[PDB]
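*Asks:* here's a sequence, model it:
(2 chains, ligands or ions: 1)
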Amino acid sequence: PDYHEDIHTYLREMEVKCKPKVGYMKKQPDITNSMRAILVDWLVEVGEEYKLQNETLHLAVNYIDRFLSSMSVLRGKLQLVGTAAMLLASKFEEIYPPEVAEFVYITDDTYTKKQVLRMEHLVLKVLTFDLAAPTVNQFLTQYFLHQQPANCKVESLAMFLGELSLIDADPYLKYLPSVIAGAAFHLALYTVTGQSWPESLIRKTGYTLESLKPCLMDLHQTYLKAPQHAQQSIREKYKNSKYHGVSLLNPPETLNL
Amino acid sequence: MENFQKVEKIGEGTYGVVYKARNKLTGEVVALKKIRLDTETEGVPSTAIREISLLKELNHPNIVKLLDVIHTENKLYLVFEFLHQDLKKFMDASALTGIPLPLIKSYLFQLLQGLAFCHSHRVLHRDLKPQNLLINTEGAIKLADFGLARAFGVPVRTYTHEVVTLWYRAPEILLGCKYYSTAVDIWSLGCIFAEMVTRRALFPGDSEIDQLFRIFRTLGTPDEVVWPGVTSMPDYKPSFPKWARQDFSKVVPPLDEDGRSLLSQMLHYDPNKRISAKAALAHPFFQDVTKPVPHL
Ligand SMILES: N=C1NC(=O)/C(=C/c2ccc(-c3ccc(S(N)(=O)=O)c(C(F)(F)F)c3)o2)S1
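*Replies:* Numbers count the residues shown, from 1 in each chain, chains lettered A, B, ... in the order given. Right below this line is the structure:
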């Protein structure tokens, strides 16, 4: 269709403007990567509970990392930042966002409605209302259009892998959404069918397989280590029949790169 | 916010009330869109969130300019450039004389420009009707009201069904299609194009079935040749009267051969065969185009 190339070009611009500061965690005095991991895993569950789009999750993670790029947050307020970000993402992305009352209830009354509504206003202030961010998801949906024929296991697996990268800020904050999406597509394609990053996508993205290697090295490791990981919600989510049970598939032992 | 002196209410544009106001220090005339946050409600409305984030990246001469966002605990104001009137009112004032065609042609060309900018930045307007389109004294026309707008993905997902003001609503929404995209906005512009030409609304329905039938009565009831898949759409009924298509010479009499070509392309039943705003800009109807001034 008529706009696919323009939109890609423009999402490629925006991802660079929308990226968080890569080492912001080192300058956070209370919160850690493990804490951010526990929070993102929690939001996976919240999204499963409220039947939210994968996109809504991806957006929320973007808003959280950008918020924490410029704002020092104590551990006891991290979940408040996450909850207001989930709320904003939902209002942005969902046909039916959950109400503030349900957001308050899934935190088990850790925070008040007021506190959620006041964090919402802070997050919008800090993000200067710039909520429409490219995500690994958005790149992945476009890349799917280059698989012949459409393979639903490859699609579920690439998403599963794209979602795994959200949990771990070291190393994945280093990588743009379009890169993680390419690495995820390739890895999924390779695991399911033995195929590789297609020539049509090398042309569209300008990313050679080689250029994807650093992120693919990482993501292969994350895949291999996935059942051993302390955060397990994405793997649970991806056992269900709607995702063809792809988290139960065996990762490939080597990539040949 | 004490830098503004309110001049008058100039309407309730949808989910906000709009005021004309003046900056007391620079003298700038602005439109204010007041969005109350009650208290202990749902927070910032999802329509304000969308409108602001989408508008912040829709910077085009044919899209209304957001100048500021004033963000209190108690209230939320959007500050816009001020434009003279909306197209609905301009059209009502011209109900007797008629809009001159070089200006109809200028306005549509501009609308398509602003719309193509939206689409190529992954935005669906979803509410293009004459009252949401703004004009100034120097012959510019701009897209406004992005409250009902949406950042879309490639390929699209299912989005809200309750979308587009009935008269300007596309058949694929009315027939309950699972997916709609940018074509719903072209549809709306085609109806606006026709309305500028004939001085009245092309399809002024009062219920969904009535909106559909008026569409069918003008353009023919669609079949599988005209639109592969229609007879399989959720709200399609094989009992629909099968009306033949009206010649555009009766439909839109004041219009030339090029005018009819473009209009029929904007009103194609098949959303996939319906002309894009980019392709529309390249149509022979615009070979001739100038930038005339409105005649109040
Ligand atoms: N629905 C809307 N959303 C906006 O952002 C709007 C901004 C805006 C700027 C100027 C106007 C506007 C609209 C209608 C009209 S109207 N109804 O023609 O009176 C006018 C006025 F100048 F003529 F008074 C101005 O709206 S309107």
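
*Asks:* CA only for contacts and neighbour counts going forward, please
*Replies:* OK.

*Asks:* can you give me the helices in the stretch 51-200 of chain B?
*Replies:* Using DSSP state H, counting those that start in this stretch, the helices of the stretch 51-200 of chain B run over B:87-93, B:101-119, B:171-174, B:183-198.

*Asks:* for chain A, find the nearest of those helices.
*Replies:* With C-alpha to the nearest C-alpha as the criterion, chain A lies closest to helix B:101-119 of those, at 7.0 Å.

*Asks:* show me the beta-bridge partners of the residue nearest to residue B:69 when sequence neighbours are not counted.
*Replies:* With sequence-adjacent residues excluded and distances taken as C-alpha to C-alpha, 6 or more residues apart in numbering or on different chains, residue B:69 is closest to residue B:78, at 4.7 Å. With DSSP bridges as the criterion, residue B:78 is bridged to residue B:33, residue B:69.

*Asks:* next, the contact list for residue B:78, please.
*Replies:* Residue B:78 makes contact with B:32-35, B:66-70, according to C-alpha atoms under 8 Å, 6 or more residues apart in numbering or on different chains.

*Asks:* next, work out how far apart the residue nearest to the spatial centre of chain B and the ligand are.
*Replies:* Note on chain B: the residue nearest the mean C-alpha position is residue B:128, at 1.2 Å, using C-alpha atoms, centre = their mean. When distance is defined by C-alpha to the nearest ligand atom, to the nearest Å, residue B:128 is 11 Å away from the ligand.

*Asks:* what's the burial count for the residue nearest to that residue when sequence neighbours are not counted?
*Replies:* The shortest distance from residue B:128 to any non-neighbouring residue, by C-alpha to C-alpha, 6+ apart, is to residue B:188 (5.8 Å). Around residue B:188 there are 24 other residues, counting by other C-alpha atoms under 10 Å in any protein chain shown.

*Asks:* confirm for me that residue B:188 is in contact with residue B:170.
*Replies:* Yes. Using C-alpha atoms under 8 Å, residue B:188 is in contact with residue B:170, at 7.1 Å.

*Asks:* all strands in the stretch 101-250 of chain B, in order from the N-terminus.
*Replies:* Applying DSSP state E, counting those that start in this stretch to the stretch 101-250 of chain B gives strands spanning B:123-124, B:133-135, B:141-143, B:150-151.

*Asks:* and of the ones you listed, who's closest to residue B:52?
*Replies:* Closest approach to residue B:52 among the strands of the stretch 101-250 of chain B is made by strand B:150-151 (11.3 Å; C-alpha to C-alpha).

*Asks:* which elements pack onto the closest one?
*Replies:* Packing partners of strand B:150-151 (3 or more C-alpha pairs under 8 Å, 6 or more residues apart in numbering or on different chains; DSSP states H and E): helix B:46-56, strand B:123-124.

*Asks:* kindly reformat the strands of the stretch 101-250 of chain B as TSV and extend each row with mean neighbour count.
*Replies:* Below are the strands of the stretch 101-250 of chain B laid out as TSV (neighbours: other C-alpha atoms under 10 Å in any protein chain shown):
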stretch	mean neighbour count
strand B:123-124	23
strand B:133-135	23
strand B:141-143	26
strand B:150-151	20
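
*Asks:* got those as TSV, with distance to residue B:293 columns?
*Replies:* Formatted as TSV, those follow (distance: least, C-alpha to C-alpha, whole Å):
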stretch	distance to residue B:293
strand B:123-124	28
strand B:133-135	10
strand B:141-143	11
strand B:150-151	32
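
*Asks:* nearest to residue A:167, of these?
*Replies:* Short answer: strand B:150-151, nearest of the strands of the stretch 101-250 of chain B by C-alpha to C-alpha, at 25.1 Å.

*Asks:* pipe the helices and strands packed on strand B:150-151 into CSV and attach distance to residue A:35 per row.
*Replies:* Shown next, in CSV, are these (distance: least, C-alpha to C-alpha, whole Å):
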stretch, distance to residue A:35
helix B:46-56, 28
strand B:123-124, 35
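
*Asks:* about what we covered before: got the contact list for the residue nearest to residue B:128?
*Replies:* B:127-129, B:168-170.

*Asks:* repeat the analysis, applying 7 Å as the threshold.
*Replies:* The contact partners of residue B:188, by C-alpha atoms under 7 Å, 6 or more residues apart in numbering or on different chains, come to B:128-129, B:168-169.

*Asks:* wait, what's in contact with residue A:6?
*Replies:* Applying C-alpha under 7 Å, 6+ apart, we find residue A:6 in contact with residue B:120.

*Asks:* in the helix or strand hosting it, what's buried?
*Replies:* Applying DSSP states H and E as the criterion places residue A:6 in helix A:4-18. Buried residues in helix A:4-18, counted by 16 or more other C-alpha atoms under 10 Å in any protein chain shown: A:4, A:7-8, A:11-12, A:15, A:18.

*Asks:* what's the neighbour count on the nearest residue to residue A:46 once chain neighbours are set aside?
*Replies:* Leaving out its chain neighbours, the residue that sits closest to residue A:46 by C-alpha to C-alpha, 6+ apart is residue A:106, at 7.4 Å. Per other C-alpha under 10 Å, the neighbour tally for residue A:106 reads 15.

*Asks:* residue A:233 too?
*Replies:* Neighbours of residue A:233 using other C-alpha under 10 Å come to 17.

*Asks:* how about the contacts made by it?
*Replies:* By C-alpha under 7 Å, 6+ apart, the contact list for residue A:233 reads A:41, A:44-45.

*Asks:* report the separation between it and chain B.
*Replies:* Distance from residue A:233 to chain B, counting by C-alpha to the nearest C-alpha, to the nearest Å: 24 Å.

*Asks:* tell me how far that residue lies from residue A:110.
*Replies:* Distance, residue A:233 to residue A:110, by C-alpha to C-alpha, to the nearest Å: 21 Å.

*Asks:* tell me the secondary structure at residue A:2.
*Replies:* What DSSP: H, G, I helix; E, B strand; the rest coil gives for residue A:2 is coil.

*Asks:* what does chain A have sitting close to chain B?
*Replies:* For chain A, the residues in contact with chain B (C-alpha under 7 Å from any C-alpha of the partner chain) are A:2-4, A:6-7, A:10, A:91-92, A:95, A:99-100, A:117, A:129-132, A:138, A:141-142.

*Asks:* ok, back up a step: which of the contacts of residue A:233 sits closest to chain B?
*Replies:* Scanning the contacts of residue A:233 for proximity to chain B, where the rule is C-alpha to the nearest C-alpha, the winner is residue A:44, at 20.0 Å.

*Asks:* near that closest one, how many other residues are there?
*Replies:* When neighbours are counted by other C-alpha under 10 Å, residue A:44 registers 24.

*Asks:* residue contacts, it?
*Replies:* Residues near residue A:44 by C-alpha under 7 Å, 6+ apart: A:57, A:233-234.

*Asks:* which SSE is it in?
*Replies:* Taking DSSP H and E as the definition, one finds residue A:44 inside helix A:33-49.
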